[PDB]
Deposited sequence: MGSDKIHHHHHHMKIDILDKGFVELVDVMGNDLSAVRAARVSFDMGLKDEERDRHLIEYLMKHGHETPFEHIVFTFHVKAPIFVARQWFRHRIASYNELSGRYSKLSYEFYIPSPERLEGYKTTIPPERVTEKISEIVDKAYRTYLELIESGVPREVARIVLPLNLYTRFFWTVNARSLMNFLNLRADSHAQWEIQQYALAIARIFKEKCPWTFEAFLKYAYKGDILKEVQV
């Protein structure tokens, strides 16, 4: 399962542990019980605020995204991350270039096409300078500081269902930057495919965001 986001990014599901029944399973222990009834428990827990059972469902994603996007994403402390290093590796020529449609809805002095053009020009000069510094023997950890925030980076993300839901509440929302919204939708799609009952219950009883109720999957 891999989903393309923006111009060069993506969200890919690396691994998953458990399913909706994992949460049903965990929840049952409270009443010395085990695993149509199970589906009803998910709703109950969701609408009543029993979030802990969903912590036993865990996902590991492989994400390709712009650093300005990663910086916001990494603010979610209840999860695990492992990212590409700008200190250790030679960064490749890959940057997020917004399409003219990105400025749809805003009045600008210069054409959307020009805006897209200027971002590219800057990206191009920045990367050349970066390579020139490295070729000259400048340490990678120093040379990379001239690279812009729209530079693509990669990382693994292991997070459980409760934290992922908090993530969707905050990122699969209109107040979050459009770019991370797009990633959140892909995360939602995958979440829905692996835990359909929890997902449906989540949208109907606890989701606090606004876009997942208008945009399918």
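- Going by the record, the unmodelled stretches of the deposited sequence, in order, are 1 to 12, 48 to 50.
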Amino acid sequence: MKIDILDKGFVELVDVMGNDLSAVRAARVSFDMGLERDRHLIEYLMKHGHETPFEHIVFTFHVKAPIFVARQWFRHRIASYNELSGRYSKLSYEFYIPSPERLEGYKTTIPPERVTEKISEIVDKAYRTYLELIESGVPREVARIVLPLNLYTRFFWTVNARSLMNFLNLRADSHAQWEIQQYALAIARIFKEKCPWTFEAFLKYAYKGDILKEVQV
From here on, numbers count along this sequence of modelled residues.
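Definition used throughout: the rigid core is the maximal C-alpha set that superposes within 1.5 Å between two forms.
- Superposing each structure in 5 other deposited structures of this protein on the rigid core shows that the farther-lying of 36 to 44 and 54 to 62, by root-mean-square Cα distance, is 36 to 44.
- Note on 79 to 87 and 141 to 149: with rigid core alignment, C-alpha atoms in 5 other deposited structures of this protein sit farther from this form for 79 to 87.
- Of the two segments examined, 71 to 79 and 108 to 116, it is 108 to 116 that shows the higher average Cα temperature factor in the deposited entry.
- As the entry records it, the average C-alpha temperature factor is higher for 36 to 44, out of 36 to 44 and 160 to 168.
- In this structure the maximum Cα B-factor among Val29, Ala188, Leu149, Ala65 is found at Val29.
- When the modelled residues of the chain are ordered by C-alpha B-factor, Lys125 sits in the middle third.
- Among the modelled residues of the chain, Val142 sits in the lowest third by CA temperature factor in this PDB entry.
- Among all modelled residues in its chain, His50 ranks in the highest third by Cα B-factor.
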